[PDB]
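A single chain, nothing else alongside it, follows as structure tokens in the form deposited in one PDB entry.
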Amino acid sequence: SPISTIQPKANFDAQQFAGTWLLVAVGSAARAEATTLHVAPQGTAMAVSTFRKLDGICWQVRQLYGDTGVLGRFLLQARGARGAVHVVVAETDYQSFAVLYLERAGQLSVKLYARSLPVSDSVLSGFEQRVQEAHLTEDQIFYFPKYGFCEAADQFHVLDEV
């Protein structure tokens, strides 16, 4: 459980974390992009919508980040075939960036989100420093497009995992 060694944002505040986040980069060993997150607090848990533009069409996936009893630590419960996904919001100033850790089947990934572009060089370097500390190489870092985002899908392109 590599993600259990990660400290969540102290006194994580869902209210300040709410809103829109843009995916900047992902560090993962896991073997059409431009992603956007819409976060809305639901008491203790967080309702999370993910939007991705594929071949011009915007798709939306509605999920629920369940409260795990530790502020800043969430759980995307397993969905039969889909293994459970542990989520941790580590570093974040709520106003410009967020570094999140995800774990599935014991495999840790690190994601960098921003409120708007461009992201500061300091945050980018910080993220890179966190990626190597998670035992991931520079070649396991994937930077997403700064163009191609979308944040609205019609009823025919919405997947509800809630």
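For clarity, a rigid core is taken as the largest C-alpha set superposing within 1.5 Å between two forms. Residues that one form lacks are left out of the comparison. Counting begins at 1, following the sequence as shown.
Missing here is the form deposited with a partner chain bound; even so, the following discussion is about that form.
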Would you mind picking out the stretch of 117 to 125, 130 to 138, 91 to 99, 44 to 52 that comes within 4.5 angstroms of the partner chain in the deposited bound form, counting non-hydrogen atoms?
44 to 52
4.5 angstroms heavy atom contact with the partner chain in the deposited bound form for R104
yes
Is there a heavy atom of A40 no more than 4.5 Å from a heavy atom of the partner chain in the deposited bound form?
no
The partner chain contact in the deposited bound form: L64, any heavy atom under 4.5 Å:
no
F144: touches the partner chain in the deposited bound form, heavy atom cutoff 4.5 angstroms:
yes
Core-fitted Cα difference of 2 Å or more between this form and the one not shown, single residue among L117, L54, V70, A45
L54
Superpose the two forms on the rigid core, then report in sequence order the stretches of at least three consecutive residues whose Cα positions each move 2 Å or more between this form and the one not shown.
54 to 56
